[PDB]
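Letters A, B, C, D, E, F, G and H name the chains as they come in the text, with residue numbers starting at 1 for each one.
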Amino acid sequence: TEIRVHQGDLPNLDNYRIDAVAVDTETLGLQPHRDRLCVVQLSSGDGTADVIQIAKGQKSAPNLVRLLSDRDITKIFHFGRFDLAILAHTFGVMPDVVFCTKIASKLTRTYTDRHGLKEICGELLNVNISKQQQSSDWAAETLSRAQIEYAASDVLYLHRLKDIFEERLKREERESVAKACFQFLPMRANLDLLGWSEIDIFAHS
Amino acid sequence: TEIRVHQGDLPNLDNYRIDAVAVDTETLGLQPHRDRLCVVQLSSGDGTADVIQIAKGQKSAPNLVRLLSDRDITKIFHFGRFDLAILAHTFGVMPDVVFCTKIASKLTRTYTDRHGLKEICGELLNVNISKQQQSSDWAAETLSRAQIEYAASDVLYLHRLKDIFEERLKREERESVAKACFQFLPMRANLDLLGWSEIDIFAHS
Amino acid sequence: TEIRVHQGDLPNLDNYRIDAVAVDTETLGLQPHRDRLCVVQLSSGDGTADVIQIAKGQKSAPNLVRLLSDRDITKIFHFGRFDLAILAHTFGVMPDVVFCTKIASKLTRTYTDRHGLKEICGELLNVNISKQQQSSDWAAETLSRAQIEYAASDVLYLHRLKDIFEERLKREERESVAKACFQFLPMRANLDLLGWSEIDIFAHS
Amino acid sequence: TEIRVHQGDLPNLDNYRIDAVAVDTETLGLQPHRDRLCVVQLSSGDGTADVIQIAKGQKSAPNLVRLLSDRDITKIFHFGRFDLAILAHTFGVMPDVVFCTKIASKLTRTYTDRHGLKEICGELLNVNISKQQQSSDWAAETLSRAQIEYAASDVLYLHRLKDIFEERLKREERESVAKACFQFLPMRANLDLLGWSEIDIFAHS
Amino acid sequence: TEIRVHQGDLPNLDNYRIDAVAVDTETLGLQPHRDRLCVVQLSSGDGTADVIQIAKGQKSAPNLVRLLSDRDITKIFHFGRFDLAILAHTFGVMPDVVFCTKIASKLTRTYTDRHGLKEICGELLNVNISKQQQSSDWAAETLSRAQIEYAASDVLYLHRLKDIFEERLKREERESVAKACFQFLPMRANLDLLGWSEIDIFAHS
Amino acid sequence: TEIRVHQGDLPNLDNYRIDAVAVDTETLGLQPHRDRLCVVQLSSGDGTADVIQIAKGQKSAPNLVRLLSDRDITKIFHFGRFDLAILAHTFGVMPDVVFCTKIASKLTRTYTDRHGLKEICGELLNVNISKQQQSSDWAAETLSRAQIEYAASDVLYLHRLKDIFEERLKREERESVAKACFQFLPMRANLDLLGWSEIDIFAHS
Amino acid sequence: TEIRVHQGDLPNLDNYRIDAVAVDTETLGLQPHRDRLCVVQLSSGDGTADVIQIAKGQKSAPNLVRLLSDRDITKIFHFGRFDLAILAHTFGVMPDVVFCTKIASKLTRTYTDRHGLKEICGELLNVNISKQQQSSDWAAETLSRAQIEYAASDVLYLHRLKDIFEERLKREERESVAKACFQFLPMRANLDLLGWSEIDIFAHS
Amino acid sequence: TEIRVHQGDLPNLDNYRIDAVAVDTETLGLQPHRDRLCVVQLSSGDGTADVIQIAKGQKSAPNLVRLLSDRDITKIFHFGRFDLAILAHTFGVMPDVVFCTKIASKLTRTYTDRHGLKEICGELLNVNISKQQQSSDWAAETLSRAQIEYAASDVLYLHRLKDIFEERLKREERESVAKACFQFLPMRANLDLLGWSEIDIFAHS
């Protein structure tokens, strides 16, 4: 696979005049206020991916942010609740046209309790994703080849998954449910940033 | 306290030419598929209430349902997640313009973990609500006077709470958060009806 | 109330030529293999009760056992799962025509999670049962008056409860469910005696 | 291994003029109100099995349903509590002559806590059951060969297990216990359909 | 009631020419290695008690310790597991003739799960023990009168309890079990001193 | 007591030329990043207290911060872990000469597990603190008299507690332990602000 | 591995004129009142073992019981708490001179939390025990060779373990602790038979 | 590798004229009051290590203790909380210049919750340490070759880890936090020795 590695931002949007872009992030941890965004991955759904290393203290990435803001382009995530939070905290823009394969999995793969990306890719595409056998310092000045391949591998399959999940949501007549969930997901992320990350706001207690 | 008790439906909406109506329900239990709707309470905020007994197997209540469907009238609930579910299950109409005092409490009364209606009314209005010392047969053919007064007490104060909560949401600058939560609440209730009542659809696990 | 106290057995069945008898027991504890039966209580529903003190090592109680065996008389219990076990373990006869107010409560009082006898009697009859504020031996040669009255209070109201629960079971269309539960209850007690007292035999795990 | 795959129903009952039939199901999940019946598997106890694909919204399967309601034919299940529930919900007929290998295991294999079908077949028959390599889409229009073979494997051994268990139920003198449990099992499944699926109806709490 | 308060040790054993003595202690906490012995209380079973203040770092109390080591005198404790440990840690002598009302309660009062001294005295002697409403500094140079009376109240009733528990142990044919438990109790206390305070040494895991 | 209420800051430090000042805060909740500081309370150890209401968005309080920064003045807190965190978050200055009555209680009152201020004041001083039991909105523009009295009550007694705790720490030879804990406490609060508030940094796991 | 299999009893005691015998049992489960004794294994400590099949309903085994009753012969068990209980329940004799390798392990192998026989034999002897990969029917008329060998492996190594544990107990000066524990172990087993199997009789709660 | 094994103490400090020494211990268990220190491992950070066997009852090791006391030499531990406790308990000297790789990991490796030495060495150095298959008797008079190699492997890499963690702490600007944690760590160990080993002294509860 071809993986293009960039510093700071995309050079241009020539490769992203499309209807949907797959998006993922890597960080130093699960807490956006402590653990900075380190790498952002994008894919057009073809056999290539873009991996953008983000510098410490970087507040802007103009081309990427133009992609994130374009209402005409659906951003595909796996568990977008986190990626939306860290992206909004880092660059100040919250995407509002999104698709999340984890919510879709919870709405369609009702015969299992395993909704991780590895299990989804294995079941839906017969593609074997190999997951890192160790964690690493994503803030390293120079990423290893294994890191680059793993980061690109996290976005290469989201288009095919979205297509399959759209077929399943149509078959079982749950399209409007998913649509409402996706509409609320950015605000769920905002609730996380504001301090309710450990609270199910809709629960009785 | 004037409490008007009706069988089946309101006679008309002459008392409900207003911008917001407080709504509550009573049932035989927490599971809409097993436990039928027994009582619906309404208040215009003028210190009076309407208590409508719903018959077993009743499928229609055109005047009440006309009120519930009117998008120009905000329906105020406390923990509307349940009431919306049972109302939609019973009458086939899902309200889509709502305000929930429990979500508002969780978004504003951040200094406590106790969000029940009795406590909210106590703190915000210095009004003492006396709650039943046991449960009762809400399906009884004739409700007792104590039952009627208890049922009306659940709607008499929701307008005043909504006014106060709106002041607090404005003060802490969380109005758009609450608006998005209320917009999603009917779909959360629908998700409950469809079989996800025990699942936080946005959680990682 | 007149409470007649007997040693070992009823003198005769002159007071029990009836269709239903209320039954309760008092033991040295919850484990029938260790904790012996001490008292058996009966009521015809006429507001009087018989309290039969059972001696240590007693193997027979012929008049009582004739009552327990008579298929034309329904035995009413509250949580008969236990009483059936201790009676069968002590006298060798398992009743097979029974009614249990706890199962009936779980099938009809779906609006609460409190199914104890005190709450049922309070909510269904407005009768205040006063429960012992301390424990007792019950193996005492001579029971106190307070002890005798506390024991009688457990059988004095079961007929009225059975009548009301039968009305509710008919109303909610659960008569055949209750009948099957009562038909299985003696075997559930037998399973307890055989060693499965801590196992839900129908659970997946 | 001959596996005949059908859509909707058996062509005839020529293969099922027998005293007992092994039955299993596959669904979209564990909740009958949400997750539809997708496959029914049958076996005569021979080296072949019948796999019947059930269409979405299908209300009738007359030849199969005649088999399910034939009181002269024992239906053998593993954990029939579920299969009975989904079958009764889908076709409106509750079988009432059943044998469950999981209840039998809990009554006889008291030296282990693993009562799943794989462990039982391994210990009792030295047969190696290979389980699904993923939780596939049982609602697929065309089942894969792996799916068909896995579905058949669930019924091929239930006759031999039923035979062995009935020797250890007579050896350990538990025949009447097992018979009563099997007689109650359809009502346990009905209770599941009515809304008590999470409730041990016989427990103290 | 007469309470004699002493510094360091009894002046003599003139009041303790008896076959059994009730013993209790007070400390700065539950961990003998950190929390020193502050008070020891004794009673002959009559209407008076002796309360002995132990100084910080005190290693010897010859008259009291003489009493503790006299094998012709049974030492009565409530939950002697603790008192034996702290006494041996402080004075270097482990009593080996003991009676514990907590073990006796667990072996006889099988109809309850509350085995504390207050509950025992109330049920077996209709005596109301009033327990201090706030812990206090038992190491204070001068004990208050209320403190002294509480400390004495903890030993005044143990003889009467021992007599009743012995009657019950004979009645229920558990004398040899209880005797063997009391014989083992000092070694359980030694195990506590050696570092096994959180381990049931007889448990499977 | 005389309680002087101020907006924003002390007028001067004329009342605080002292060696130790008692400090407490009130906020909108437990999470410093979400819940703003609303009230700061101070006491010289006399019979009066100062209550300074802090406005939304206030960044500066020069007289208060002079007191908080003065290394020659010990700041007495109860559970200073929180107050230090919120003070440093609000005004940008972390006090570094502190005494915490809760740590001292945990180091000296080893005979109890209840270390709250009400219980400590009750035991050590025989002073009854009455708690609001209401939990009001401390950000209100005008505080009620009850709010002012409750807020002052939290600082009026800390000097007397500090004196007693110092006596006990000397008696049990734990002075250097307390000194080390107090020296680390500001860094524990900083760790809370940085994102480790739910992590015991010294735990094995 | 000479293994002699017998029916009912040893033919004689010619192989057991020794000072310590390794003993183990197999049953149909963990509950002696429900699960009968099926096999008894004995070893003189040499390279051979005796495996005695016990018949259903068998009440006597005179030669075995002669061995179990002999006070001059130490019975070595691993987790003798169970074996003593089932032996006493089956044959009516409680051994009173015992050694348990699990208690010894808990008193000496303080550097691990795994006290099972496999771990002990592996660490202390470098002997690899391969345990049953599936439970089995120990009541089978004919045991398989693999089954018999598994049964023999449980007694073949206990003498060597006892020798090592006694040396280690001497090294850490815990001989009298172990002796007292072994003396109490038969009464712990009796307590299990009487109904306290789930209770640590020495715990505070 | 070169591993020098000594009895009692180092002969001299000729190999330890360095700024920092890696230190680890092995014991008979986790409780210093019960489980004696058995082995001490030292490294200069080069490819060799010293392994010192400590005798039972040994109170002094002058050269080792001289090293531990020298404030110009930083002692590197992994989870030094334990080693500091056991060293001070055994030799009476509490080191006060320390670096702990577990605290450093918890302050920098925020992207994982697994902070054990094996994981750290695997991630940071790509060195695979193979750990024993169980624990072992570290009190043996003669250690095995496998024991000696396993013990040396625990100190051989701490210098390289300290260098990497120090670079990361500078990078993420947490140097002063780490320094304060390390300054408090010896007092945390002292708190463990004094009896607060199970208590987070800074927690609210």
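Throughout what follows, a contact is a pair of C-beta atoms (placed from the backbone, for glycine too) under 8 Å apart; a residue touches a chain by one contact, two chains touch by 3 or more.
Of the chain pairs listed in A-F, F-H or G-H, the one whose interface repeats that of B-C (more than half of its contact pairs identical by residue number) is G-H. Comparing chain pairs A-B and G-H, the larger number of C-beta contacts belongs to A-B. Spacing of chain F relative to chain G, judged by their CA centroids, is 62 angstrom. One finds 44 Å separating the Cα centroids of chain B and chain D. Once the centre of each chain is set as its mean CA position, chain B and chain F turn out to be 42 Å apart. Chain F has residues 31, 34-35, 194 in contact with two or more other chains. Note for the complex: chain D touches chain A at residues 27-29, 31, 34-35, 134-136, 138-139.
Within the complex formed with chain H, the chain E residues making contact are 31, 33-35, 194-195. Only residues 109-112, 119, 122-123, 171 of chain C touch chain B when the two sit together in their complex.
Per the touch definition, chain A reaches chain B in the complex via residues 79, 81, 103, 106-107, 174, 177, 180-181, 183-185, 187-188, 190-191, 194, 199-205.
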